[PDB]
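There is one chain below, alone, in structure tokens, taken in the form deposited in one PDB entry.
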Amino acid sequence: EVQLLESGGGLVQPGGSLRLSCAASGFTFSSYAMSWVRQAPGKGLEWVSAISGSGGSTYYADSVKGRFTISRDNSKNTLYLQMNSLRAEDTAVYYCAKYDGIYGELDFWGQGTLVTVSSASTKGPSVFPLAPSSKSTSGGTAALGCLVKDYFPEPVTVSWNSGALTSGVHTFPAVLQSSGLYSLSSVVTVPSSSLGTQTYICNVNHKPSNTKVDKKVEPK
């Protein structure tokens, strides 16, 4: 099966530069035109650039012409996007996508890589428990969680019991605070009778800052 694996996204200064990579497998890379498409936080899809199978032909949206360069290395099955002169408005998840030469659609997409263009500093989160109590218990159901506070850039990932616990979990979209820092919470509802017998641990990872936390959430 086809895969497109992206990398290279992260936090960069306005005016700075980044190179995104896309490692393609499961199909004949050189036979296909490729495209980068991006999506700003809370917004729709915007085509960025496209390159022919061989690389001799390239196309760009006007909003990126003269700053970004799309290129490919067929011998490595890799697509690239060199991003120069970055602006706050280039902040987006960038997708790698395979192009159908007959019908004109993008028939397969990578999962994306986040590019954040800002002058704000990287900072790791603090992780605080949302402790179960009688004030978070309603008839044999208890809620408990983790508050993942004050971090930058996005993203953070949150699992529960190293991913063994998935039912009833709600990990919320991060919110940007007035401080310029994000915060998020992740909660789960469990049987109240399990509070004395089952350990609940939220596993937080903020790779931007090299911050990993496991937070055991204990009854209050």
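One rule holds for the numbers: they count along the sequence shown, beginning at 1.
Per the compared records, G139 is unresolved in at least a third of the other entries whose models span it. The mean Cα B-factor in the deposited entry runs higher for 193 to 201 than for the other of 208 to 216 and 193 to 201. 88 to 96 and 129 to 137 differ in mean CA B-factor, and the higher of the two is recorded for 129 to 137.
As recorded in the PDB entry, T28 shows the highest C-alpha B-factor of the residues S159, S183, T28, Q39. In this entry, the residue among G101, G112, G124, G145 with the greatest C-alpha B factor is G101.
Sort the modelled residues of the chain by CA B factor and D150 lands in the lowest third. Annotation for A23: C-alpha temperature factor in the highest third relative to the rest of the modelled chain, per the entry.
The deposited CA B-factor of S35 belongs to the middle third of values across its chain. In this PDB entry, the Cα temperature factor of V188 sits in the bottom third of its chain's modelled residues, the lowest group. When the CA B factors of the chain's modelled residues are split into thirds, the value for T116 lands in the lowest one.
What follows is about the form deposited in another entry, which we do not show.
Each of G101, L45, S183, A120 but one sits over 12 positions from any hinge; the one at the hinge between the rigid parts between this form and the one not shown is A120.
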